[PDB]
2 protein chains.
Amino acid sequence: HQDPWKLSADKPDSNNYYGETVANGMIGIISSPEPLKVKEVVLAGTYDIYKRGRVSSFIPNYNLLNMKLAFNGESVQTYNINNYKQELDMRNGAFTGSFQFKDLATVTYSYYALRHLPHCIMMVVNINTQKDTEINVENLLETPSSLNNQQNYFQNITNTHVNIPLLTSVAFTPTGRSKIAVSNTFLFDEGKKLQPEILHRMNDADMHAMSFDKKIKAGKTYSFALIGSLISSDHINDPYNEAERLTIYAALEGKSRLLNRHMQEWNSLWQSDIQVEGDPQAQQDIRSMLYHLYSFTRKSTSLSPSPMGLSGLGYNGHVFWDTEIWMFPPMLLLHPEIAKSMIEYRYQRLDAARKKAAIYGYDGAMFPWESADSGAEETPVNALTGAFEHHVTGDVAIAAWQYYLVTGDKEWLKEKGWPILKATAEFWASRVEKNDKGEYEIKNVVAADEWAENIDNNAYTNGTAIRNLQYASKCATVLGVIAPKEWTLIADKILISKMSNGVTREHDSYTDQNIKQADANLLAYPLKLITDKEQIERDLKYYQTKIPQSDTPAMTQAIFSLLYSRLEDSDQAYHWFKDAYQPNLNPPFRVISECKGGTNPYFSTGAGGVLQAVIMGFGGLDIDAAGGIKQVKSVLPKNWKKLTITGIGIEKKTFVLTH
Amino acid sequence: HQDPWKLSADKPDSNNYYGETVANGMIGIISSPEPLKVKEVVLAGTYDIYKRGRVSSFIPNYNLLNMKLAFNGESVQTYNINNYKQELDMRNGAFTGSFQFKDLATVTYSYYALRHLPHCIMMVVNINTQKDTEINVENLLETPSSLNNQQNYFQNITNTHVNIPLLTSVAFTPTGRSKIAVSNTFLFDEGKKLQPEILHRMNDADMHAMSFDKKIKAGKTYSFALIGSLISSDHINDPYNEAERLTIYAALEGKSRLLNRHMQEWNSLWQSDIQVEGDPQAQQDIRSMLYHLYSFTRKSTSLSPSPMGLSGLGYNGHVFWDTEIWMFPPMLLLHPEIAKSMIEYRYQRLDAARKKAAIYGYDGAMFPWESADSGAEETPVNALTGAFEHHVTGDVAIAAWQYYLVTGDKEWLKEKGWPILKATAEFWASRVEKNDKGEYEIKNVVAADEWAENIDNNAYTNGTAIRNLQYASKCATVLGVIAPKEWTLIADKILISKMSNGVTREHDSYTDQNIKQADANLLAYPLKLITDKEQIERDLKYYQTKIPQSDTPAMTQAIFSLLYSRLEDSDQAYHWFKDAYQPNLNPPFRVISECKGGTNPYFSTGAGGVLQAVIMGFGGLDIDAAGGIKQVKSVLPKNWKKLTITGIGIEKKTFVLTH
Ligand SMILES: O[C@H]1[C@H](O)[C@@H](O)CN2CC[C@H](O)[C@H]12
Ligand SMILES: O[C@H]1[C@H](O)[C@@H](O)CN2CC[C@H](O)[C@H]12
Ligand SMILES: O[C@H]1[C@H](O)[C@@H](O)CN2CC[C@H](O)[C@H]12
Ligand SMILES: O[C@H]1[C@H](O)[C@@H](O)CN2CC[C@H](O)[C@H]12
């Protein structure tokens, strides 16, 4: 089960099973331990009030691939099949199940979130008979109880060449905010005259289904595919007609054309890759991390991933600084067009950030702690982060500036990056308070260490303010504009304090408390405000044991690893690399939970950080403050013979590291 | 009762009481004669169909500060209080009541529309008892009859340090257009363990309340605050969660931090001030006028005041040329950032003006007579002003050009000013008709003198067209773009005619009719098309007695005053200054009604005009046609020993005038 491209499970155990996701950055499909079922389907960009937090959320959507198969009237179930296996092929995001049904047939099915068609999904089923048999196949469209006011339709789209039977449902999110349309069809190889007749049943309020029978002689392969389109009023004006249109189009493209396009797009994604010799387990784990980030983002969009991407409803689908600081940097180096989508999400939401600042008594743009459709604040009101954790504004500025550093796109800097940098700097200029000594303070925040609430002069927050003001000032120079001289004055006098032992103090009330996650250490990486190796080391020694084992997110140990790599300490770097994610795994596919021993995968934020530990730490790769990518000193794990990182920077460079 | 900073009323008489307003440009709170109550609360930017005119209106909102206080079960009433006094502190917009309850305790309360937090209010209550006693306090959220489909909630927001009890209501404006949320909490000094238990009652369909009891020992002062947030779907997508978020935020900022920020913002506003020596009554009156304008506007927004600002529902909250010509000029000189918001309102509504022009058969932008949320026409259809009073378009142009003259901001001129000037000049170019003699006429309008309906070649209207065309042409030159030569050709030949006595004729059917308000005289000031002193004087002599005493708005005598000041006639200037507002006052705070002996305060338009009579007339200050502020000859009232005007223009100049 340590293939470098494929994650495999024998005999899924539903009592201890965490499903894997396939996704195209628009739809995510999460696996069920049951054959020919899916657990959950999530559509990006569709939010309504629903369950957790009393705020907007991703909505469980139609499990559009759900299928029932019977052989001579006997329904196929976990209990009456054998040699059942599942496999995720990370090369093309194919999820495949295979099993034997008694003495009758082998069944294999593969499904896909098509990479070129954001709103289309396909499942291909192959039946190989050992005896004469008759299959009954049913595709069910069950309206999830997250939706309401559903309608269940069925029709035949015909001409002289085709009969495309469309199974369509239309329904609404809880408050009516979004209209969802789903339309499915079967694809056959045998042609209009010989294809099975499709029956339609509407026997329940919340479910209808299309079905057929097919006799298959012993020794034959019979194949069919289900194609489905899933779209909403958040994506298109008329989702009903558009879903049907899309499914007709896809059906007429056909399975082979669809998969070829899909494969070509996945091939391009994997032109940026990480290869490790001497550690098959690391190789597979890292490939999984890349696979998840690639599946949970999409170039040429304004979409940004939640902490759980499209693996489910984790954290309501909301967008956090997890994108800017954790998922964005690895994607910026490997596929800058993906990073461009992530920053586009914030650029499009700059007006909402301007509104938030005004409501809370500040200038410029104040990005929300949690963001969704509008760009307004979406944090649950019971969490003080929403009102008080303000570093997110600086996080967005840092990412904006980095986008320009790595691409060198001055047109983008003028049209998009400067609007962000200017407004965010205006925010910080209005957010600081000057004291009697001429220092600038940022008082009453929630720290990056979120356990420290309503404290003053948080190290990370203050650091992000400094960087935002500096980058805005640098941006202004690049574009030949005059930046307020106050931005530099303020940046140079924002307080960052040391305790009497010379360690960076996390906030003004900090002595020796346990902390949730890295904060002061973030000044060393990513901010690079602390570059002195002795200071980096002192801060590591003091804070590394301050993070408890329980209830602490995977936003710490990857940074420790990276910093120990930059200090050329292989043993410590490797220790922290493993600790960053191996204690957070769930079976059978080694998906990553938020915390150690947690059960809420897939925490793409954690993957993002670990990828930085590999690329920026072990690989020594770094965003050069004067432009482009450079390489600094690094070390590898003892047991790693070679590290190869491909497709880095706009020059698409390959980096090879050995002992 | 002639403190220069405070308006005071002893023992409010509810049979003859017109309340005063505190406001932050977003929320206005109007006083009740009753202790611990408010009369009315208005939120800017929220409009729906409601009562007058069958068009969009401000909506009476939650009286969110309404409180009941009892001492040992005995509620506070008219009959059991003494030494009851109210005071408005204009320095910081604090409305304070104080009273003695029997011989047992003294009570003070102060409330604020917080200046830095547009959507937050606070009331602070202090109780000093002379014997041991127990108070019961109730805060009530009554849904006004203007709203529907209300929901009444209560909950505790906790952590190890705090228990913030939130009293929240959500409701809808009449047609469902806007969702309103209000959320209140109590602030205590004593901390979570010792603070009173908060009870919740929901005994009515349209009212719920939170309450507590507190024992107070003899000789001690007990203090608490009520904080409330009031916001709508016009302001934020999710007003429900945003109100609760805001109130939590405010509570954790705390009273002292909130009032410090409030005070700092008010301090800045009063850096522009008018000081009069030798007339305490004038000094107080003028401070009131400045106070109301400062309270009813907001820098760094796109908000514009209605004729009654946030003092009530007067004229449905709509925006009229009252802003551009009456409130905007004094604010442009004192605080250009306030003027900037006023013109921003129009800029953001340029599309809607373009739509109006197209619908009425013209080119360019035709600004509506009455504006609200969209920028479309909002005048009641029974008033011919909405279809036919077209000078508003010229008024917006004049203000836009003046903004540039006073700031010299060429970037603003390019991005915003020119778009307005260009489109408005295109309107006038399409609005005029050329006659046989080569003159340009503007036929079938309602005059600035609104009593003249469906007449031709109104003096003021024609003059605004001339200026709009001139200013647009000059703008084009500044920016180096080529302006249609037709604009100057037209401007030079727009008809303005004289009667046989050499007086400017109001319109083509005018001989000697009574007029509603200044019209022909407006050509002298503000337009400055008539500069010849003998002409100005003849127009004054003819028209000054044409305005009746009754049913004529405070949009005339201030201009007469200013013009007599420019003619250096102190007696006439002072006569008209007093006549402009003193006959319009309502007790006990000397608020200003629209007309003489009227009962509909507060007419902020009138204050705006009178402020021009003071600044531009007595002070001699003037917007120079070539840029900046200049000073022309003027006189003072005999009894005024000194006039000091501070914070004028972008140089923030002080002007001092004596006899
Ligand atoms: O942004 C992080 C935060 O830094 C952590 O304390 C964990 N949080 C949980 C949800 C999201 O991942 C968020
Ligand atoms: O804002 C986030 C925070 O970043 C996370 O650590 C988890 N919290 C739980 C509720 C809310 O989503 C809040
Ligand atoms: O614009 C003015 C108009 O010039 C006057 O005749 C009175 N009107 C009443 C409402 C608003 O003040 C409007
Ligand atoms: O247009 C305004 C006019 O400017 C005012 O003098 C009052 N009028 C009454 C109805 C309507 O608001 C109309």
Side-chain angles (χ1 to χ4, degrees), chain A residues 53 305-309 314-327 369-371 379-380 383 385 389 391-392 395 446-452 460 515-519 522 547 551-556 593-595 598 600 603-606 608-609, chain B residues 52-55 57 305-309 314-327 368-371 377-389 391-392 395 446-453 460 515-519 522 547 551-556 593-595 598 600 603-606 608-609:
Chain A
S306 85
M308 274 72 169
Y315 291 100
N316 283 41
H318 291 172
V319 175
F320 294 72
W321 74 308
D322 301 35
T323 295
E324 280 66 37
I325 299 292
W326 300 83
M327 289 180 272
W369 182 254
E370 294 183 29
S371 188
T379 304
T385 54
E389 193 171 356
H391 64 83
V392 59
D395 306 317
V446 169
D449 162 27
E450 293 192 340
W451 293 348
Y460 185 66
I515 73 178
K516 182 180 183 177
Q517 64 197 86
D519 182 326
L522 299 178
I547 298 85
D551 298 314
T552 56
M555 305 180 67
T556 300
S593 281
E594 184 184 7
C595 302
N600 67 341
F603 185 58
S604 45
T605 303
Chain B
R52 165 176 180 287
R54 208 188 71 187
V55 285
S57 186
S306 85
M308 274 71 171
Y315 289 100
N316 283 41
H318 292 173
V319 176
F320 296 70
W321 77 304
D322 298 39
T323 295
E324 280 67 34
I325 298 290
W326 300 86
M327 290 181 271
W369 181 257
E370 293 184 28
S371 190
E377 181 66 65
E378 302 290 348
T379 301
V381 300
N382 67 299
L384 297 177
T385 55
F388 288 106
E389 194 169 356
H391 66 84
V392 60
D395 303 319
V446 169
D449 161 29
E450 293 194 335
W451 293 349
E453 296 186 310
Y460 183 68
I515 75 182
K516 186 181 179 176
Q517 62 198 88
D519 183 324
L522 297 180
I547 298 88
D551 300 312
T552 53
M555 306 180 67
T556 299
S593 282
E594 183 185 2
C595 306
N600 67 342
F603 191 56
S604 194
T605 302

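First listed ligand is number 1; within each ligand, the first listed atom is number 1. Just so it is clear: chains get the letters A, B, ... in the order the sequence lines come, proteins before strands, and each one is counted from 1. All values below come from the heavy atoms of this structure, side chains included, with hydrogens, waters and symmetry mates left out.
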Looking at residues at least two apart in the chain, or sitting in another chain, which of them share a side-chain contact (heavy atoms from CB on, under 4.5 Å) with [X]?
X        : value
B:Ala383 : B:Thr379, B:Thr385
B:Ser604 : B:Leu293, B:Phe296, B:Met327, B:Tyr602
B:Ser593 : B:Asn586, B:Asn600, B:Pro601

>> Closer than 3.5 angstrom, by distance alone: can the side chain of A:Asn316 be matched with the main-chain N or O of A:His318 as a donor-acceptor pair?
In response: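 Pair absent, no side-chain N/O of A:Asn316 close to backbone of A:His318.
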>> So, taking the atom named CH2 in A:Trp321 and the one named NE2 in A:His391, what distance separates them when rounded to the nearest 0.5 Å?
In response: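 Nearest 0.5 Å value for the CH2-NE2 distance: 4.5 Å.
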Filter the ligand 3-protein atom pairs down to N or O on both sides and distance under 3.5 Å, then list them.
| residue | atom | partner | partner atom | Å |
| --- | --- | --- | --- | --- |
| ligand 3 | 1 (O) | B:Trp321 | NE1 | 2.9 |
| ligand 3 | 1 (O) | B:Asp322 | OD1 | 2.7 |
| ligand 3 | 4 (O) | B:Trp321 | NE1 | 3.1 |
| ligand 3 | 4 (O) | B:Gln517 | NE2 | 3.0 |
| ligand 3 | 6 (O) | B:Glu450 | OE1 | 3.2 |
| ligand 3 | 6 (O) | B:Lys516 | NZ | 2.8 |
| ligand 3 | 6 (O) | B:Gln517 | OE1 | 2.6 |
| ligand 3 | 12 (O) | B:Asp322 | OD2 | 2.7 |

>> Which of the numbered atoms in ligand 4 are under 4.0 angstrom from any heavy atom belonging to B:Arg52?
In response: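 Near B:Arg52, the atoms of ligand 4 are 9 (C), 10 (C), 11 (C), 12 (O).
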> Heavy atoms, side chains only, cut-off 4.5 Å: are B:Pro380 and B:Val55 in contact?
Replying inline: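 In contact.
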> Would you say the side chain of B:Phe320 lies within less than 4.5 Å of the side chain of B:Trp326, judging by non-hydrogen atoms?
Replying inline: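 They are not in contact (no side-chain heavy atoms under 4.5 Å apart), so the answer is no.
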>> Is B:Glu378 close enough to touch ligand 4? Criterion: a residue heavy atom under 4.0 Å from a ligand atom.
In response: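 For ligand 4, residue contact (heavy atoms, under 4.0 Å) with B:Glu378 is absent.
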